[PDB]
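Since the structure comes first, as structure tokens, the remarks are kept for the end.
Cβ placement follows ideal geometry from the backbone for every residue including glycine, while neighbour counts extend to all protein chains displayed. Quick note: the coordinates plus some simple rules give every number you see, no bench work behind them.
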Ligand SMILES: CNS(=O)(=O)c1cc(C(=O)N2CCc3nc(N)ncc3C2)co1
């Protein structure tokens, strides 16, 4: 039993809700919140911008030190950093950004990072400003992630479309 509430069950291990991931994280304080990161951990907009703003820019300060030490992530890769006031940990995962021409096949590799964590609160990778089809992202999620994932979808119209079209 866990504290996640109001989710629709899609499969044995994948759940979905129309929710603001920032507000959901603030309320649940999950062990892991996933950020829709880029390779530079520049949290300017989208989910990353929102999560970072909610940490009063502490996420960005920590991220800048991480990059200065380690260099950029790979597309499809991840790193574990602090969850600040939102979660114990933040798993920064880089899905491919279609608006930069990155290979969508890397979306499966990106979701594989979730399997290193038993339970996660997460957005749909490569959705939103990353330019991928969120229906495709949900399909890859369900077919790749084996651990327990609670998906927060900000847009109510999109949430209803994702549910109604789910196979
Ligand atoms: C209250 N001030 S606000 O400017 O109107 C406002 C901005 C945002 C926001 O940018 N995001 C990022 C996109 C997003 N994606 C998921 N999956 N979940 C949550 C979010 C929230 C929310 O609220």
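If you scan segment 23-55, which residues turn out to be touching a residue at least 12 places away in the same chain (Cβ under 8 Å) and over 18 Å from residue 128 (Cβ atoms)?
26, 28, 29, 30, 31, 32, 55 - these are the residues of segment 23-55 that are touching a residue at least 12 places away in the same chain (Cβ under 8 Å) and over 18 Å from residue 128 (Cβ atoms).
Since residue 63 meets every condition but one in (1) in a helix (DSSP H, G or I); (2) away from the ligand (no atom under 16 Å from the Cβ); (3) surrounded by fewer than 23 Cβ atoms within 10 Å (Cβ to Cβ); (4) more than 15 Å from the chain's Cα centre (by Cα), which condition does it not meet?
Unmet condition: (3).
May I ask you to list the residues in segment 40-57 that are more than 15 Å from the ligand (Cβ to nearest atom) and under 14 Å from the mean Cα position of the chain (by Cα)?
Passing the criteria: only 41.
Keeping to segment 3-36, report how many residues are assigned to a loop (DSSP other than H, G, I, E, B) and more than 13 Å from the ligand (Cβ to nearest atom). Let's see the steps before the verdict.
Step one: list which residues in segment 3-36 are assigned to a loop (DSSP other than H, G, I, E, B), which gives 3-7, 10-13, 19-20, 29-31.
Now restrict to residues that are more than 13 Å from the ligand (Cβ to nearest atom): 3-7, 10-13, 29-31.
Looking only at that region, the number is 12.
Within 14 Å of residue 37 (Cα to Cα), surrounded by 16 or more Cβ atoms within 10 Å (Cβ to Cβ) and in contact with a helix residue (DSSP H, G or I) (Cβ under 7 Å, 6 or more places away or on another chain) - does that describe any residue in segment 100-121?
Yes, segment 100-121 contains at least one residue that is within 14 Å of residue 37 (Cα to Cα), surrounded by 16 or more Cβ atoms within 10 Å (Cβ to Cβ) and in contact with a helix residue (DSSP H, G or I) (Cβ under 7 Å, 6 or more places away or on another chain).
Select from segment 5-39 the residues that are buried (at least 17 other Cβ atoms within 10 Å of the Cβ) and over 15 Å from the mean Cα position of the chain (by Cα) and list them in ascending order.
Within segment 5-39, 10, 28 qualify.
When only residues in segment 94-151 that are assigned to a loop (DSSP other than H, G, I, E, B), closer than 15 Å to residue 14 by Cβ and over 12 Å from the mean Cα position of the chain (by Cα) count, which is nearest to the ligand (Cβ to nearest atom)?
Per the criteria, the residue is 145.
Run down 50, 54, 58, 68 and say which single residue is more than 16 Å from residue 22 (Cα to Cα) and surrounded by fewer than 23 Cβ atoms within 10 Å (Cβ to Cβ). First the steps, then the outcome.
On the way: 50 fails: more than 16 Å from residue 22 (Cα to Cα); 54 fails: more than 16 Å from residue 22 (Cα to Cα); 58 fails: more than 16 Å from residue 22 (Cα to Cα).
Among 50, 54, 58, 68, only 68 is more than 16 Å from residue 22 (Cα to Cα) and surrounded by fewer than 23 Cβ atoms within 10 Å (Cβ to Cβ).
Among the residues in segment 74-91, are any within 15 Å of the ligand (Cβ to nearest atom), closer than 23 Å to residue 27 by Cα, within 12 Å of the chain's Cα centre (by Cα) and not in a loop (DSSP other than H, G, I, E, B)?
Yes - at least one qualifying residue is present in segment 74-91.
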